[PDB]
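Novice: A single structure is presented below for examination.
Positions of Cβ are generated from backbone atoms using ideal geometry, with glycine treated the same way; all protein chains shown enter the neighbour counts. Nothing in this text is a laboratory measurement; each read-out follows from the coordinates by a stated rule.
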Amino acid sequence: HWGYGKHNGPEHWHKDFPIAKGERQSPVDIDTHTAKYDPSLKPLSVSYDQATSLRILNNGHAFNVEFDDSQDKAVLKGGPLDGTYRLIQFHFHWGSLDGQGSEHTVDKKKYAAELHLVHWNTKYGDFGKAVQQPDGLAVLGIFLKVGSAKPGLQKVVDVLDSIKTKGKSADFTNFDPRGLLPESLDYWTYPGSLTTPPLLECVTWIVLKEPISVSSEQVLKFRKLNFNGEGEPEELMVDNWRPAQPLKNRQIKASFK
Ligand SMILES: COc1ccc(C)cc1NC(=O)Nc1ccc2c(c1)[B-](O)(O)OC2
Ligand SMILES: [Zn+2]
């Protein structure tokens with residue numbers, strides 16, 4: 001199965017998932033001088049006050065904090081989006097070193113990690129149906145740089161010991177994702193895809209310009225997780241990011257002048 005090692009990493013994915021070489025793959029490099037300000041972009045609306053987190057799971061390629069999306073609680077709307085998108089989960093991609101780890105890059109700059117808050121278009125009824133649509137998901141991407149600790153991230157860091165290996169999960173209720181957002185909601189947006197197999201081209205990417213800062217100790221704990229299952233040879237969960245893909249026939253739009 002696919003992963004991030006030399007023998008099953010990003011360069012191999014196209015054999016089982018031909019869409020890997022598709023027309024709207026993610027991530028991409030964001031060339032800040034080429035992205036054009038779009039005055040028509042409506043303001044972004046992130047309404048997470050009623051978010052209901054439930055569990056945290058190590059799925060063998062990252063850890064997902066899952067939410068109750070059986071009702072319209074936490075939603076994302078506005079910006080380039082038509083309609084309402086419901087939060088279902090968030091996860092991160094990070095490196096073995098502070099100098100790499102993000103999937104999107106800014107003028108080729110790689111951040112230490114990148115957070116993906118995943119939302120699905122409620123007009124499609126459920127997540128599985130949504131990923132089959134070009135406007136099925138809206139993912140909010142937030143860069144992480146190493147510096148001061150992010151208070152709102154500590155509850156996540158402290159539970160990682162309990163989900164060290166693939167397939168382990170733990171109760172994770174009452175977590176407030178608002179604590180993972182930067183001050184400004186200025187963003188870049190473009191049509192793209194999931195960055196892991198099946199690599200479906202169903203995502204409207206909304207990548208925030210302002211990164212959040214996390215401490216070296218916080219990201220060091222991410223790097224202690226395992227890709228393997230319990231009782232298997234230890235493979236540290238690091239560098240679970242896909243590199244920038246061809247922009248092709250797409251334009252990245254900026255929400256700010
Ligand atoms: C085997 O994987 C699946 C099987 C069946 C279904 C319906 C969905 C998936 N995968 C999926 O949703 N991935 C996924 C979801 C959200 C995001 C990413 C990947 B990302 O681009 O990294 O960040 C945001
Ligand atoms: Zn992701």
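Novice: Taking a virtual spin label 7 Å from the Cα of residue 8 along the C-beta vector, which residues in the stretch 215-236 bring their backbone nitrogen under 13 Å of it?
Specialist: 227-229, 233, 235, by backbone N distance to the label point.
Novice: Only residues of the stretch 57-97 count here: report those whose backbone N is under 13 Å from the spot 7 Å along Cα→Cβ of residue 230, or say none.
Specialist: Only 58 fall inside the zone, counting backbone N under 13 Å.
Novice: What does the convex hull of the alpha-carbon atoms of the chain project to on average, in nm²?
Specialist: Numbers: hull surface 51.6 nm².
Averaging across all directions leaves 12.9 nm² for the Cα convex hull.
Novice: Between residue 122 and residue 148, what length comes free when the chain is fully extended (0.36 nm per residue of separation minus the Cα-Cα distance, one decimal in nm)? Walk me through the intermediate numbers first.
Specialist: Working: separation 26, 0.36 × 26 = 9.36 nm, distance 3.66 nm.
The residue 122-residue 148 span can extend by a further 5.7 nm.
Novice: Whole angstrom only: what separates the Cα centroid of the stretch 165-236 from the Cα centroid of the stretch 65-98?
Specialist: 11 Å
Novice: Work out, step by step, the length gained on full extension between residue 215 and residue 16: first 0.36 nm times the residue separation, then minus their alpha carbon distance; give nm to one decimal.
Specialist: Here the segment from residue 215 to residue 16 would lengthen by 67.9 nm.
Novice: Counting other C-beta atoms within 10 Å, which of 140, 236 has the fewest, and how do the rest follow?
Specialist: Least to most surrounded, the residues fall as 236, 140.
Novice: For the stretch 225-257, run through the chymotrypsin sites (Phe, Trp or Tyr not before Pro) and keep only the ones in DSSP coil with at most 15 other Cβ atoms within 10 Å of their Cβ. Each step should come with its number before you reach the end.
Specialist: Numbers: sites: 227, 241, 256; in loops: 227, 241, 256.
Here the chymotrypsin sites (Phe, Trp or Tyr not before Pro) that fit, given the DSSP loop and packing criteria, are 256.
Novice: While we're here: Sorted by packing (mean other beta-carbon atoms within 10 Å per residue), highest first, where do 56-64, 183-191 land? If you can, show how the numbers build up before the last one.
Specialist: Values: 56-64: 20.3, 183-191: 17.2.
Final packing ranking: 56-64, 183-191.
Novice: What ranking do 202-209, 228-235 get when scored by the average of other Cβ atoms within 10 Å per residue, highest first?
Specialist: On the way: 202-209: 23.6, 228-235: 10.8.
Put in order of decreasing packing, that is 202-209, 228-235.
Novice: Tell me the mean residue ellipticity at 222 nm calculated for the chain from its helices only (DSSP H runs of n ≥ 4, each -39500 (n - 2.57), averaged over every residue, nearest 500).
Specialist: Value at 222 nm, helices only, nearest 500: -1500 deg cm²/dmol.
Novice: Quick one: Karplus J couplings for the stretch 12-24, per residue in order, coefficients 6.51, -1.76, 1.60, θ = phi - 60°, nearest Hz, x for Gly and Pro?
Specialist: 9, 3, 4, 5, 8, 10, x, 5, 4, 9, x, 8, 9
Novice: If you don't mind, another one. Ordered by packing density, taken as the mean number of other Cβ atoms within 10 Å over each peptide's residues, highest first, how do 218-226, 163-171 rank?
Specialist: With the highest mean Cβ count within 10 Å placed first, the list reads 218-226, 163-171.
Novice: Apply the Karplus parameterisation 6.51 cos²θ - 1.76 cosθ + 1.60, with θ equal to phi minus 60°, to every residue of the stretch 185-196 and state each ³J(HN,Hα) to the nearest whole Hz, in sequence, with x for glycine and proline.
Specialist: Computed from phi, the couplings for the stretch 185-196 are 9, 4, 8, 10, 9, 7, x, x, 9, 5, 9, 10 Hz.
Novice: To continue, here is another question. Too long at a 30 Å Cα-Cα cut-off: which of 6/108; 129/221; 110/224?
Specialist: Flagged as over cut-off: 129/221.
Novice: May I ask you to evaluate 6.51 cos²θ - 1.76 cosθ + 1.60, the Karplus curve with θ = phi - 60°, for each residue of the stretch 83-90 and list the ³J(HN,Hα) values in order in whole Hz, giving x for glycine and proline?
Specialist: Result, ordered by residue: x, 10, 10, 9, 5, 10, 5, 9 Hz.
Novice: Can you tell me, using C-alpha contacts under 8 Å and at least 6 residues apart, the relative contact order of the chain as a whole percent?
Specialist: 26 percent
Novice: If you take all C-alpha pairs in the stretch 157-206, what percent of them are over 15 Å apart?
Specialist: In whole percent, the share of Cα-Cα pairs in the stretch 157-206 beyond 15 Å is 70.
Novice: If you consider only alpha-carbon coordinates, what radius of gyration and Dmax does the stretch 92-188 have, in Å?
Specialist: Using the Cα atoms of the stretch 92-188, the pair Rg, Dmax is 15.5, 41 Å.
Novice: Restricting the count to DSSP beta bridges whose residues both fall in the chain, what percent are antiparallel, rounded to a multiple of 5? Walk me through the numbers on the way to the answer.
Specialist: Numbers: 43 of 55 bridges.
Here the share of antiparallel DSSP bridges comes out near 80 percent.
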